[PDB]
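First the proteins, then the strands, lettered A, B, ... as listed; each starts at 1. Heavy-atom basis, side chains included; hydrogens, waters and symmetry copies ignored.
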Amino acid sequence: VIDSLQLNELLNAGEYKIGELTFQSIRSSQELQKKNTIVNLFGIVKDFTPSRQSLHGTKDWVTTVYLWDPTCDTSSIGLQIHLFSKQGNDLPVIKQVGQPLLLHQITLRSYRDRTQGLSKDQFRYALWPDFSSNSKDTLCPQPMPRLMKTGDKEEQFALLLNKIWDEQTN
DNA sequence: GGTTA
C-alpha cells in the first residue's frame with residue numbers, strides 16, 4: 001500500500017506506472033510539444049462541463065474536464081481535456097470537483113499556445129467519489145461502455161490524490 | 001485525427 005510520499009515521488013518522475021498502465025503527470029503533460037502523443041492520465045477533476053452534443057462538425061457527444069495533480073499548483077486549474085463520443089453519450093458523468101478520474105488513451109496536442117487533451121475514439125475511464133466530501137452520493141451511476149475495471153492499487157492512488165487535493169484546497 | 005469543444 002502506498003502513502004502520500006510515494007505518490008509524490010511517482011508523479012515527480014514525470015512518467016509512472018500503476019498496475020499495467022503508464023501515466024504522465026499533469027505538469028509534464030502541460031509541456032508544449034511539437035508532435036502529438038497518446039497518454040494515460042490520473043488526476044482530480046478541478047473543473048468540468050456536463051456532457052452535451054456538439055453543435056457542429058461530426059456533432060460528437062462532448063464533456064470537458066480540467067485535470068489536476070500534485071505537480072501543478074493550487075493556482076493552475078490543470079490540463080484541459082475534451083472527451084468525445086461518436087457512439088452515444090457514454091462519457092464520464094461527473095458530479096463535482098474533487099473526484100479522482102483516470103483516463104486511458106488521451107491525445108495531447110498544442111492549441112492556442114497551450115497543451116490540450118483530446119480523447120481517442122476508444123478511450124476508457126474510471127471515476128471515483130470525492131472521498132473528502134460529506135456528501136455520500138458524489139459518484140453517480142456511470143454509463144458502462146467506456147468503464148475500466150480497476151482494483152486496489154488504483155483505488156489507493158485515487159484515495160491519496162483526493163486527500164492531497166483536499167489538504168491543498170480545504 | 002483533432003471538426004466538434
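- With no hydrogens or angles considered, a side-chain donor-acceptor pair links A/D90 and A/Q87 at under 3.5 Å.
- When each of A/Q24, A/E154, A/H104 is checked for a side chain to side chain contact (heavy atoms under 4.5 Å, CB included) with A/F42, only A/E154 meets the rule.
- Base contact: A/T58 has a heavy atom under 4.0 Å from a base atom.
- Among the atoms of the strands shown, base atoms are found under 4.0 Å from some heavy atom of A/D121.
- By the side chain to side chain donor-acceptor pair (under 3.5 Å) test, A/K136 is found to be paired with no residue, residues two or more places apart in sequence or in another chain being considered.
- If you check every strand for non-hydrogen atoms under 4.0 Å, A/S85 touches nothing.
- Interatomic distance, CG of A/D73 versus CD of A/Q168, reported as 9.5 Å (0.5 Å rounding).
- By the side chain to side chain donor-acceptor pair (under 3.5 Å) test, A/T64 pairs with A/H82, sequence neighbours left out.
- You can see that DNA chain B meets the heavy atoms of chain A within a 4.0 Å-exclusive cut from B/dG1 to B/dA5, reading 5' to 3'.
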